[PDB]
file my_file_33.cif (mmCIF, C-alpha atoms)
data_run
loop_
_atom_site.label_atom_id
_atom_site.label_comp_id
_atom_site.auth_asym_id
_atom_site.auth_seq_id
_atom_site.Cartn_x
_atom_site.Cartn_y
_atom_site.Cartn_z
CA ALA Z 1 0.00 0.00 0.00
CA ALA Z 2 1.06 3.61 -0.60
CA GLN Z 3 -0.01 6.78 1.20
CA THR Z 4 1.00 9.85 -0.78
CA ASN Z 5 1.90 13.16 0.87
CA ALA Z 6 2.46 11.39 4.15
CA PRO Z 7 4.18 12.99 7.13
CA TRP Z 8 7.91 12.86 6.55
CA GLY Z 9 8.49 10.39 9.38
CA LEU Z 10 6.13 7.80 7.93
CA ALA Z 11 7.83 8.13 4.56
CA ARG Z 12 11.21 7.84 6.30
CA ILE Z 13 10.28 4.56 8.05
CA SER Z 14 9.59 2.90 4.71
CA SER Z 15 12.55 4.34 2.80
CA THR Z 16 16.23 3.65 2.34
CA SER Z 17 16.73 7.42 1.81
CA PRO Z 18 15.55 10.72 3.30
CA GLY Z 19 13.67 13.24 1.22
CA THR Z 20 10.62 11.31 0.02
CA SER Z 21 6.99 11.78 0.97
CA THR Z 22 5.13 8.52 0.28
CA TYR Z 23 4.66 5.92 3.03
CA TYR Z 24 4.71 2.31 1.77
CA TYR Z 25 3.41 -0.50 3.98
CA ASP Z 26 1.71 -3.88 3.86
CA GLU Z 27 -2.07 -3.38 3.94
CA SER Z 28 -2.37 -5.66 7.02
CA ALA Z 29 -1.37 -2.45 8.83
CA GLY Z 30 -1.06 -3.96 12.31
CA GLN Z 31 -4.53 -5.54 12.31
CA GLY Z 32 -4.90 -7.91 15.25
CA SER Z 33 -2.18 -6.21 17.30
CA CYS Z 34 -2.65 -3.81 20.17
CA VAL Z 35 -0.66 -0.81 21.36
CA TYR Z 36 -0.99 0.73 24.80
CA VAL Z 37 -0.20 4.44 24.86
CA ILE Z 38 0.83 5.24 28.44
CA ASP Z 39 0.56 9.01 28.53
CA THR Z 40 -1.93 11.86 29.08
CA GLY Z 41 -4.81 9.89 27.55
CA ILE Z 42 -6.29 9.72 24.05
CA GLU Z 43 -9.10 11.77 22.51
CA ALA Z 44 -10.60 8.59 21.17
CA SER Z 45 -13.47 10.31 19.31
CA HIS Z 46 -10.99 11.93 16.91
CA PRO Z 47 -12.09 10.88 13.38
CA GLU Z 48 -8.50 9.85 12.73
CA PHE Z 49 -8.85 6.90 15.15
CA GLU Z 50 -11.90 5.43 13.39
CA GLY Z 51 -13.23 3.76 16.53
CA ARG Z 52 -9.97 1.83 17.09
CA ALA Z 53 -8.93 3.82 20.18
CA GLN Z 54 -10.27 3.49 23.69
CA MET Z 55 -9.29 4.48 27.20
CA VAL Z 56 -8.74 1.52 29.51
CA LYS Z 57 -7.37 3.22 32.65
CA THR Z 58 -6.86 6.56 34.35
CA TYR Z 59 -5.29 7.51 37.69
CA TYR Z 60 -6.95 10.97 37.67
CA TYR Z 61 -10.47 12.34 38.00
CA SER Z 62 -11.00 11.91 34.23
CA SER Z 63 -9.77 9.78 31.33
CA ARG Z 64 -9.93 12.79 28.99
CA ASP Z 65 -6.70 13.92 27.33
CA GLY Z 66 -6.71 17.56 28.43
CA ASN Z 67 -3.17 18.05 27.16
CA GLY Z 68 -2.79 16.66 23.62
CA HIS Z 69 0.51 14.83 24.07
CA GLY Z 70 -1.04 11.38 24.43
CA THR Z 71 -3.39 11.97 21.50
CA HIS Z 72 -0.42 13.02 19.35
CA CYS Z 73 1.60 9.94 20.28
CA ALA Z 74 -1.40 7.65 19.74
CA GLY Z 75 -1.88 9.23 16.32
CA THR Z 76 1.70 8.39 15.30
CA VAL Z 77 1.17 4.79 16.40
CA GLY Z 78 -2.14 4.21 14.70
CA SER Z 79 -4.18 7.05 13.24
CA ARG Z 80 -5.44 6.62 9.69
CA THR Z 81 -3.40 9.53 8.23
CA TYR Z 82 -0.57 10.05 10.71
CA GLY Z 83 0.00 6.51 11.97
CA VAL Z 84 2.46 3.74 11.26
CA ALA Z 85 0.05 0.85 12.03
CA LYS Z 86 -3.23 2.10 10.61
CA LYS Z 87 -5.35 -0.89 11.71
CA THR Z 88 -3.97 -1.54 15.22
CA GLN Z 89 -6.11 -1.28 18.34
CA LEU Z 90 -5.04 1.60 20.59
CA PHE Z 91 -5.50 1.50 24.38
CA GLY Z 92 -4.99 4.63 26.46
CA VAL Z 93 -3.58 4.52 29.99
CA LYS Z 94 -3.60 7.99 31.56
CA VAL Z 95 -0.62 8.12 33.92
CA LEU Z 96 0.12 11.78 33.18
CA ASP Z 97 -2.07 14.69 34.21
CA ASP Z 98 -3.22 17.40 31.82
CA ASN Z 99 -0.01 19.33 32.43
CA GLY Z 100 1.97 16.34 31.17
CA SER Z 101 3.33 15.39 34.61
CA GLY Z 102 3.00 12.24 36.66
CA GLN Z 103 4.42 10.73 39.80
CA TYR Z 104 6.69 7.74 39.35
CA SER Z 105 4.43 5.63 41.58
CA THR Z 106 1.53 6.28 39.20
CA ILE Z 107 3.68 5.54 36.13
CA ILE Z 108 4.79 2.24 37.71
CA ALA Z 109 1.19 1.30 38.49
CA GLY Z 110 0.28 2.00 34.87
CA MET Z 111 3.03 -0.29 33.57
CA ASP Z 112 1.94 -3.13 35.86
CA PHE Z 113 -1.64 -2.42 34.78
CA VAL Z 114 -0.74 -3.06 31.12
CA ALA Z 115 1.11 -6.27 31.95
CA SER Z 116 -2.12 -7.64 33.42
CA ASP Z 117 -4.70 -5.84 31.30
CA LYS Z 118 -3.45 -7.37 28.04
CA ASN Z 119 -5.08 -10.57 29.33
CA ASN Z 120 -8.43 -8.73 29.07
CA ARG Z 121 -7.91 -7.76 25.43
CA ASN Z 122 -7.88 -9.52 22.07
CA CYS Z 123 -4.44 -9.06 20.53
CA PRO Z 124 -3.70 -12.31 18.66
CA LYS Z 125 -0.78 -10.76 16.79
CA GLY Z 126 0.86 -9.30 19.91
CA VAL Z 127 1.01 -6.38 22.32
CA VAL Z 128 3.15 -3.21 22.39
CA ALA Z 129 3.43 -0.39 24.92
CA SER Z 130 4.61 3.10 24.01
CA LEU Z 131 6.06 5.21 26.85
CA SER Z 132 6.75 8.78 25.72
CA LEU Z 133 7.72 9.88 29.22
CA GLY Z 134 10.56 9.77 31.67
CA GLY Z 135 12.54 11.49 34.37
CA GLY Z 136 15.68 10.95 36.39
CA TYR Z 137 17.13 7.53 37.09
CA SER Z 138 14.94 5.26 39.20
CA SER Z 139 15.62 1.56 39.69
CA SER Z 140 11.94 1.02 40.55
CA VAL Z 141 10.79 2.64 37.29
CA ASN Z 142 13.28 0.61 35.29
CA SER Z 143 12.17 -2.58 37.06
CA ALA Z 144 8.53 -1.86 36.21
CA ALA Z 145 9.44 -1.44 32.55
CA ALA Z 146 11.46 -4.66 32.69
CA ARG Z 147 8.48 -6.52 34.17
CA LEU Z 148 6.18 -5.18 31.46
CA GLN Z 149 8.59 -6.40 28.76
CA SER Z 150 9.05 -9.77 30.52
CA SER Z 151 5.26 -10.23 30.61
CA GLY Z 152 5.17 -10.35 26.80
CA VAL Z 153 4.77 -6.72 25.76
CA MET Z 154 7.14 -4.94 23.37
CA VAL Z 155 8.08 -1.88 25.42
CA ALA Z 156 9.28 1.20 23.53
CA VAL Z 157 10.46 4.15 25.64
CA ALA Z 158 11.66 7.64 24.85
CA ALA Z 159 15.37 8.29 25.30
CA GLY Z 160 14.66 11.80 26.64
CA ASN Z 161 15.22 15.35 25.42
CA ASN Z 162 18.27 16.46 27.45
CA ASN Z 163 20.96 16.13 24.73
CA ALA Z 164 22.67 13.89 27.28
CA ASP Z 165 23.49 10.26 27.97
CA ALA Z 166 20.23 8.37 28.54
CA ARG Z 167 21.88 6.23 31.23
CA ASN Z 168 20.76 8.88 33.76
CA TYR Z 169 17.05 8.75 32.88
CA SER Z 170 14.23 6.26 33.45
CA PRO Z 171 12.74 4.19 31.95
CA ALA Z 172 15.18 5.10 29.12
CA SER Z 173 18.09 3.45 30.95
CA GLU Z 174 16.41 0.05 31.41
CA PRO Z 175 18.45 -2.38 29.27
CA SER Z 176 15.68 -4.84 28.45
CA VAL Z 177 13.26 -2.37 26.78
CA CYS Z 178 13.60 -0.54 23.46
CA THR Z 179 15.04 2.94 24.04
CA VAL Z 180 14.30 5.31 21.16
CA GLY Z 181 16.26 8.40 20.10
CA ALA Z 182 15.04 11.06 17.69
CA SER Z 183 16.17 12.12 14.21
CA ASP Z 184 15.16 14.91 11.81
CA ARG Z 185 14.11 14.97 8.18
CA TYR Z 186 17.73 15.36 7.00
CA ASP Z 187 18.88 12.25 8.91
CA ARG Z 188 20.55 14.26 11.67
CA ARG Z 189 20.25 13.33 15.32
CA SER Z 190 17.64 15.70 16.68
CA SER Z 191 19.27 18.53 18.59
CA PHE Z 192 17.57 17.58 21.86
CA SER Z 193 17.83 13.80 21.58
CA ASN Z 194 19.55 11.88 24.33
CA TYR Z 195 22.17 9.37 23.22
CA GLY Z 196 24.45 6.69 24.64
CA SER Z 197 24.96 2.94 24.65
CA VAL Z 198 21.50 2.27 26.11
CA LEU Z 199 19.77 3.52 22.96
CA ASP Z 200 18.56 0.74 20.69
CA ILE Z 201 17.19 2.67 17.71
CA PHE Z 202 16.31 6.09 16.32
CA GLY Z 203 13.02 7.18 14.89
CA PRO Z 204 11.64 10.39 13.38
CA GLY Z 205 11.26 12.97 16.13
CA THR Z 206 11.67 16.52 14.79
CA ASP Z 207 8.57 18.22 13.33
CA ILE Z 208 6.15 15.31 13.49
CA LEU Z 209 2.57 15.95 12.35
CA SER Z 210 -0.11 14.00 14.20
CA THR Z 211 -3.51 14.24 15.88
CA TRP Z 212 -4.26 16.71 18.66
CA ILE Z 213 -7.16 17.37 21.01
CA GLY Z 214 -10.23 19.23 19.83
CA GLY Z 215 -10.26 17.09 16.70
CA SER Z 216 -7.21 18.93 15.38
CA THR Z 217 -3.64 18.23 14.23
CA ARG Z 218 -0.24 19.78 14.89
CA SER Z 219 3.49 19.23 14.42
CA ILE Z 220 5.69 18.93 17.52
CA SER Z 221 9.13 17.54 18.31
CA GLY Z 222 10.65 15.18 20.84
CA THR Z 223 11.85 11.71 21.59
CA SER Z 224 8.18 11.37 22.59
CA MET Z 225 7.39 11.54 18.86
CA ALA Z 226 10.08 9.05 17.82
CA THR Z 227 8.92 6.40 20.33
CA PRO Z 228 5.42 5.83 18.81
CA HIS Z 229 6.97 5.38 15.36
CA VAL Z 230 8.91 2.42 16.77
CA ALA Z 231 5.91 1.14 18.75
CA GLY Z 232 3.72 1.27 15.66
CA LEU Z 233 6.46 -0.39 13.61
CA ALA Z 234 6.66 -3.23 16.14
CA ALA Z 235 2.89 -3.76 15.96
CA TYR Z 236 3.04 -3.75 12.16
CA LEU Z 237 5.88 -6.30 12.10
CA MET Z 238 4.18 -8.53 14.66
CA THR Z 239 1.00 -8.61 12.56
CA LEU Z 240 3.17 -9.71 9.61
CA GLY Z 241 4.57 -12.52 11.78
CA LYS Z 242 8.13 -11.24 11.30
CA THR Z 243 8.91 -10.92 15.02
CA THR Z 244 7.47 -11.20 18.52
CA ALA Z 245 7.16 -8.94 21.55
CA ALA Z 246 10.30 -10.41 23.12
CA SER Z 247 12.38 -10.01 19.97
CA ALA Z 248 10.95 -6.98 18.17
CA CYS Z 249 13.49 -4.44 19.45
CA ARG Z 250 16.36 -6.63 18.29
CA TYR Z 251 14.59 -7.33 15.00
CA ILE Z 252 14.04 -3.61 14.39
CA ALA Z 253 17.72 -2.95 15.13
CA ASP Z 254 18.79 -5.84 12.88
CA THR Z 255 16.67 -4.59 9.96
CA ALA Z 256 17.26 -0.87 10.49
CA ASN Z 257 18.86 1.53 8.08
CA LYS Z 258 22.47 1.53 9.26
CA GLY Z 259 24.96 4.36 9.11
CA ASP Z 260 22.55 6.94 7.71
CA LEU Z 261 22.41 9.43 10.59
CA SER Z 262 24.75 12.31 11.31
CA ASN Z 263 25.90 13.72 14.67
CA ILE Z 264 25.71 10.31 16.32
CA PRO Z 265 28.18 10.34 19.26
CA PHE Z 266 30.84 7.66 19.33
CA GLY Z 267 29.35 4.69 21.15
CA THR Z 268 25.70 5.34 20.17
CA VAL Z 269 24.06 3.10 17.57
CA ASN Z 270 23.58 4.54 14.08
CA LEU Z 271 20.32 2.71 13.37
CA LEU Z 272 17.11 4.23 12.00
CA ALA Z 273 13.84 2.32 12.18
CA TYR Z 274 12.86 0.85 8.82
CA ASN Z 275 9.96 -1.41 7.81
CA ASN Z 276 11.81 -3.11 4.97
CA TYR Z 277 8.58 -3.17 2.98
#
call {"tool": "encode", "arguments": {"input": "my_file_33.cif", "output": "structure tokens"}}
result
Amino acid sequence: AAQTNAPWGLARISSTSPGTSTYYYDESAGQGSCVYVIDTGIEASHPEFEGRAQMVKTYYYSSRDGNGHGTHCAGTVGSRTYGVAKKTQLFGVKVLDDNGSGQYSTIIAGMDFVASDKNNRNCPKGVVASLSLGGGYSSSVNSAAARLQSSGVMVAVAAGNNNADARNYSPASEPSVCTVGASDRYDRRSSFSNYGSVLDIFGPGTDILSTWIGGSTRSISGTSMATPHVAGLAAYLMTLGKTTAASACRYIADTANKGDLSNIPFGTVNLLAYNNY
């Protein structure tokens, strides 16, 4: 399948080169997979979600996304126009308040929630979790992400936006999950992207168009925007039977575009997520 005039990051994920604007993907499009977006919520009535998004948990007085960040990330995973996996099921877990903040104890509870809640959902092709959030190093946060991965969920986490080594941030620094850095449309490391040996992969993260609250769209930047590209890619590849939740990060790294990015610090992988379609 081909989507013309796609957001640059979708085109990038299906291309060996920067500078094109058509996204190519197998029409299965992540059908039968599920992606949990652990964030500020999802405006599930957005026409772009086509009834495939739903809230499954909140830790606040409402499940509404009063921020936009979670809706944007969910759109990059799975919206019809802005998403990688255009037929996946999206599940929102609101661990962040409408200012985008959340306590680590709430974030941990949300991760353990997903590890159990997937047993209440129909995801025959597999389960992914996208965590566009983080803060300073916490062994308890890393352990929660490790448990979620161990339970059979492909966990993709943002590297962080500190232009620093991700070893000092969580859950970015957890070795067993997929830690995602950000790149721009010219295949440069995004100026804010964290780096270091703990990164597994880069995805598009500068100037990413996606869904927003109020039935709208906008372009924003961050490792938060790169992470859902990788989460959606995992769901897509699992639907194709190419990989599994336990192996998808490694598979994405193995099949990535290699050596294409600039300003990659010595010791950080030079790997850009690629669907090999």
call {"tool": "closest_residue", "arguments": {"input": "my_file_33.cif", "among": "Z:51, Z:83, Z:75, Z:32", "to": "residue 217 of chain Z", "atoms": "all atoms listed in the file"}}
result
Z:75
call {"tool": "residues_near_point", "arguments": {"input": "my_file_33.cif", "point": "(-0.9, 5.3, 27.1)", "cutoff": "12 Å", "atoms": "only C-alpha atoms", "output": "PyMOL selection string"}}
result
chain Z and resi 34-44+53-59+63-65+69-75+77+90-97+107+110-111+113-114+128-133+155-157+224+227-228+231
call {"tool": "write_last_selection", "arguments": {"input": "my_file_33.cif", "atoms": "C-alpha atoms", "output": "mmCIF file, in the frame of the given file"}}
result
data_model
loop_
_atom_site.group_PDB
_atom_site.id
_atom_site.type_symbol
_atom_site.label_atom_id
_atom_site.label_comp_id
_atom_site.auth_asym_id
_atom_site.auth_seq_id
_atom_site.Cartn_x
_atom_site.Cartn_y
_atom_site.Cartn_z
ATOM 1 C CA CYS Z 34 -2.650 -3.810 20.170
ATOM 2 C CA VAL Z 35 -0.660 -0.810 21.360
ATOM 3 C CA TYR Z 36 -0.990 0.730 24.800
ATOM 4 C CA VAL Z 37 -0.200 4.440 24.860
ATOM 5 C CA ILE Z 38 0.830 5.240 28.440
ATOM 6 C CA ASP Z 39 0.560 9.010 28.530
ATOM 7 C CA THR Z 40 -1.930 11.860 29.080
ATOM 8 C CA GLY Z 41 -4.810 9.890 27.550
ATOM 9 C CA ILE Z 42 -6.290 9.720 24.050
ATOM 10 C CA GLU Z 43 -9.100 11.770 22.510
ATOM 11 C CA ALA Z 44 -10.600 8.590 21.170
ATOM 12 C CA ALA Z 53 -8.930 3.820 20.180
ATOM 13 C CA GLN Z 54 -10.270 3.490 23.690
ATOM 14 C CA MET Z 55 -9.290 4.480 27.200
ATOM 15 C CA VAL Z 56 -8.740 1.520 29.510
ATOM 16 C CA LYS Z 57 -7.370 3.220 32.650
ATOM 17 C CA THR Z 58 -6.860 6.560 34.350
ATOM 18 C CA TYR Z 59 -5.290 7.510 37.690
ATOM 19 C CA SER Z 63 -9.770 9.780 31.330
ATOM 20 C CA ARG Z 64 -9.930 12.790 28.990
ATOM 21 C CA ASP Z 65 -6.700 13.920 27.330
ATOM 22 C CA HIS Z 69 0.510 14.830 24.070
ATOM 23 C CA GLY Z 70 -1.040 11.380 24.430
ATOM 24 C CA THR Z 71 -3.390 11.970 21.500
ATOM 25 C CA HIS Z 72 -0.420 13.020 19.350
ATOM 26 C CA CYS Z 73 1.600 9.940 20.280
ATOM 27 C CA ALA Z 74 -1.400 7.650 19.740
ATOM 28 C CA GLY Z 75 -1.880 9.230 16.320
ATOM 29 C CA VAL Z 77 1.170 4.790 16.400
ATOM 30 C CA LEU Z 90 -5.040 1.600 20.590
ATOM 31 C CA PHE Z 91 -5.500 1.500 24.380
ATOM 32 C CA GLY Z 92 -4.990 4.630 26.460
ATOM 33 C CA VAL Z 93 -3.580 4.520 29.990
ATOM 34 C CA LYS Z 94 -3.600 7.990 31.560
ATOM 35 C CA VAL Z 95 -0.620 8.120 33.920
ATOM 36 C CA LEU Z 96 0.120 11.780 33.180
ATOM 37 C CA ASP Z 97 -2.070 14.690 34.210
ATOM 38 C CA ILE Z 107 3.680 5.540 36.130
ATOM 39 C CA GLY Z 110 0.280 2.000 34.870
ATOM 40 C CA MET Z 111 3.030 -0.290 33.570
ATOM 41 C CA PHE Z 113 -1.640 -2.420 34.780
ATOM 42 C CA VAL Z 114 -0.740 -3.060 31.120
ATOM 43 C CA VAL Z 128 3.150 -3.210 22.390
ATOM 44 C CA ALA Z 129 3.430 -0.390 24.920
ATOM 45 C CA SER Z 130 4.610 3.100 24.010
ATOM 46 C CA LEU Z 131 6.060 5.210 26.850
ATOM 47 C CA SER Z 132 6.750 8.780 25.720
ATOM 48 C CA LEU Z 133 7.720 9.880 29.220
ATOM 49 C CA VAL Z 155 8.080 -1.880 25.420
ATOM 50 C CA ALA Z 156 9.280 1.200 23.530
ATOM 51 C CA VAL Z 157 10.460 4.150 25.640
ATOM 52 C CA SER Z 224 8.180 11.370 22.590
ATOM 53 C CA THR Z 227 8.920 6.400 20.330
ATOM 54 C CA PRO Z 228 5.420 5.830 18.810
ATOM 55 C CA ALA Z 231 5.910 1.140 18.750
#
call {"tool": "atom_distance", "arguments": {"input": "my_file_33.cif", "atom1": "atom CA of residue 61 of chain Z", "atom2": "atom CA of residue 109 of chain Z"}}
result
16.1 Å
call {"tool": "residues_around", "arguments": {"input": "my_file_33.cif", "residues": "segment 244-258 of chain Z", "least_positions_apart": "3", "cutoff": "7 Å", "atoms": "all atoms listed in the file", "output": "number ranges by chain"}}
result
Z: 16, 126-127, 152-154, 178, 200-201, 234, 238, 270-274
call {"tool": "atom_distance", "arguments": {"input": "my_file_33.cif", "atom1": "atom CA of residue 13 of chain Z", "atom2": "atom CA of residue 230 of chain Z"}}
result
9.1 Å
call {"tool": "closest_residue", "arguments": {"input": "my_file_33.cif", "among": "Z:21, Z:150, Z:193, Z:33", "to": "residue 122 of chain Z", "atoms": "all atoms listed in the file"}}
result
Z:33
call {"tool": "closest_residue", "arguments": {"input": "my_file_33.cif", "among": "Z:78, Z:29, Z:48, Z:125", "to": "residue 241 of chain Z", "atoms": "only C-alpha atoms"}}
result
Z:125
call {"tool": "atom_distance", "arguments": {"input": "my_file_33.cif", "atom1": "atom CA of residue 18 of chain Z", "atom2": "atom CA of residue 183 of chain Z"}}
result
11.0 Å
call {"tool": "resolve_selection", "arguments": {"input": "my_file_33.cif", "expression": "the PyMOL selection byres ((chain Z and resi 220) around 6)", "output": "mmCIF file with C-alpha atoms, keeping the file's coordinate frame"}}
result
data_model
loop_
_atom_site.group_PDB
_atom_site.id
_atom_site.type_symbol
_atom_site.label_atom_id
_atom_site.label_comp_id
_atom_site.auth_asym_id
_atom_site.auth_seq_id
_atom_site.Cartn_x
_atom_site.Cartn_y
_atom_site.Cartn_z
ATOM 1 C CA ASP Z 207 8.570 18.220 13.330
ATOM 2 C CA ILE Z 208 6.150 15.310 13.490
ATOM 3 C CA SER Z 219 3.490 19.230 14.420
ATOM 4 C CA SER Z 221 9.130 17.540 18.310
#
call {"tool": "resolve_selection", "arguments": {"input": "my_file_33.cif", "expression": "the PyMOL selection byres ((chain Z and resi 184) around 8)", "output": "number ranges by chain"}}
result
Z: 182-183, 185-190, 204-207
call {"tool": "closest_residue", "arguments": {"input": "my_file_33.cif", "among": "Z:123, Z:177, Z:115, Z:209", "to": "residue 81 of chain Z", "atoms": "all atoms listed in the file"}}
result
Z:209
call {"tool": "closest_residue", "arguments": {"input": "my_file_33.cif", "among": "Z:119, Z:223, Z:170, Z:243", "to": "residue 141 of chain Z", "atoms": "all atoms listed in the file"}}
result
Z:170
call {"tool": "decode", "arguments": {"input": "my_file_33.cif", "residues": "segment 104-119 of chain Z", "atoms": "N, CA, C and O atoms", "output": "short mmCIF file (atom, residue, chain, number, x, y, z; two decimals), in the first residue's frame"}}
result
data_model
loop_
_atom_site.label_atom_id
_atom_site.label_comp_id
_atom_site.auth_asym_id
_atom_site.auth_seq_id
_atom_site.Cartn_x
_atom_site.Cartn_y
_atom_site.Cartn_z
N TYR Z 104 6.15 9.04 39.71
CA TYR Z 104 6.69 7.74 39.35
C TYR Z 104 5.84 6.59 39.89
O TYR Z 104 5.68 5.57 39.21
N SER Z 105 5.25 6.72 41.08
CA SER Z 105 4.43 5.63 41.58
C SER Z 105 3.22 5.38 40.69
O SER Z 105 2.80 4.23 40.51
N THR Z 106 2.65 6.45 40.12
CA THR Z 106 1.53 6.28 39.20
C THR Z 106 1.99 5.65 37.89
O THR Z 106 1.31 4.78 37.33
N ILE Z 107 3.14 6.09 37.38
CA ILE Z 107 3.68 5.54 36.13
C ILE Z 107 3.96 4.05 36.29
O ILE Z 107 3.61 3.24 35.41
N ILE Z 108 4.53 3.65 37.43
CA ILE Z 108 4.79 2.24 37.71
C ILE Z 108 3.48 1.46 37.74
O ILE Z 108 3.37 0.37 37.18
N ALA Z 109 2.47 1.99 38.44
CA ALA Z 109 1.19 1.30 38.49
C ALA Z 109 0.63 1.11 37.08
O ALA Z 109 0.08 0.05 36.76
N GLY Z 110 0.77 2.12 36.23
CA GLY Z 110 0.28 2.00 34.87
C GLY Z 110 0.99 0.92 34.07
O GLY Z 110 0.36 0.23 33.26
N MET Z 111 2.30 0.77 34.26
CA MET Z 111 3.03 -0.29 33.57
C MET Z 111 2.56 -1.66 34.06
O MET Z 111 2.31 -2.57 33.26
N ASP Z 112 2.44 -1.85 35.38
CA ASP Z 112 1.94 -3.13 35.86
C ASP Z 112 0.50 -3.36 35.42
O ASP Z 112 0.10 -4.50 35.16
N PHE Z 113 -0.29 -2.29 35.31
CA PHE Z 113 -1.64 -2.42 34.78
C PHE Z 113 -1.62 -3.05 33.39
O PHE Z 113 -2.37 -3.98 33.11
N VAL Z 114 -0.77 -2.53 32.48
CA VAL Z 114 -0.74 -3.06 31.12
C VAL Z 114 -0.34 -4.52 31.12
O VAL Z 114 -0.87 -5.33 30.33
N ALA Z 115 0.64 -4.89 31.96
CA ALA Z 115 1.11 -6.27 31.95
C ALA Z 115 -0.03 -7.24 32.26
O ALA Z 115 -0.08 -8.35 31.73
N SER Z 116 -0.95 -6.82 33.12
CA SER Z 116 -2.12 -7.64 33.42
C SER Z 116 -3.26 -7.42 32.43
O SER Z 116 -3.89 -8.39 31.99
N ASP Z 117 -3.52 -6.17 32.08
CA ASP Z 117 -4.70 -5.84 31.30
C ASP Z 117 -4.67 -6.46 29.91
O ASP Z 117 -5.73 -6.69 29.31
N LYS Z 118 -3.49 -6.73 29.35
CA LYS Z 118 -3.45 -7.37 28.04
C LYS Z 118 -4.19 -8.70 28.05
O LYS Z 118 -4.69 -9.14 27.01
N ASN Z 119 -4.32 -9.33 29.22
CA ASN Z 119 -5.08 -10.57 29.33
C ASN Z 119 -6.59 -10.36 29.26
O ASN Z 119 -7.33 -11.34 29.20
#
